[PDB]
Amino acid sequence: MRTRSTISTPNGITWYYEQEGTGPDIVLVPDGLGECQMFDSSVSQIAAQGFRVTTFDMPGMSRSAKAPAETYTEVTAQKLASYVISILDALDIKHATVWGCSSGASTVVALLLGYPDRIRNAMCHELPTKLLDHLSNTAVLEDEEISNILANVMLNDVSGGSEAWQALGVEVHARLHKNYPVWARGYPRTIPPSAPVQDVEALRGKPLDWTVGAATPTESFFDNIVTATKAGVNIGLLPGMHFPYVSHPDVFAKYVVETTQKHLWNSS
């Protein structure tokens, strides 16, 4: 029932993607780690409510690794947005709703502002705007030391539930193990400055629904709550921390459906 296949784009990226259902399009953009297997559970639930749910591994990560070095080094929100537009052009998704978290959250807002004709609405979760120095300093280390440090960080520190995180399996953690060094060198230094939330007036009136993890420390995404409230954007909380889709997949899947149905109603 679910499609699992590859597709190549003019920019040089051979994407691994998954697709299920028919109806209005919902695109699940992953985090910096770039693993679409985290969405697996919720993809079938969301697609069963009359939607075509698309998702894919991000360039250079896991199954979408066959790409140029440009696509996973010195990565920005605007670069990732252009790469997402390319796969949507390849699969012929002309109008879509977009979910995004971490670097994916920066990407979906860049998609909405940059390509308003193509985005119905966007759902950003925990968009990073600050340069964390302890994440930048890992880039210079050896590959196995980065993977051991960052795998422990995701487990204990930001998963929002270790048990759920573990339950992804050995094959997923094996793919994440290879991604941590690629992410560390490309993402954390260059992503937070490229956040498109500097201009507050650009965000006002846009079909945007912002969320933050309920169990996350307040300092981590305090700026999202301030920026969203100034722009008049809907800001809310989701259970867990950084990966609602992994920790609370049913509550995540319900939020994606209810938000998309609300914006489909407003189109008149």
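Just count from 1 along the sequence shown to find any residue number.
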| property | result |
| --- | --- |
| Residue stretch of maximal mean CA temperature factor, 178 to 186 vs 136 to 144 | 136 to 144 |
| Stretch with the higher entry mean CA B-factor, where the candidates are 49 to 57 and 195 to 203 | 195 to 203 |
| From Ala215, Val212, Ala65, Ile26, residue of greatest CA B-factor | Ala65 |
| Selection by C-alpha B-factor (highest) of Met123, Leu80, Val170, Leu127 | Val170 |
| CA B-factor ranking of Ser247, expressed as a third of its chain | middle |
| B-factor third for the C-alpha atom of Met1 within its chain | highest |
| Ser159, C-alpha B-factor rank within chain (lowest, middle or highest third) | highest |
| B-factor third for the C-alpha atom of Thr97 within its chain | lowest |
| Modelled-residue ranking by C-alpha temperature factor, third containing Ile149 | highest |
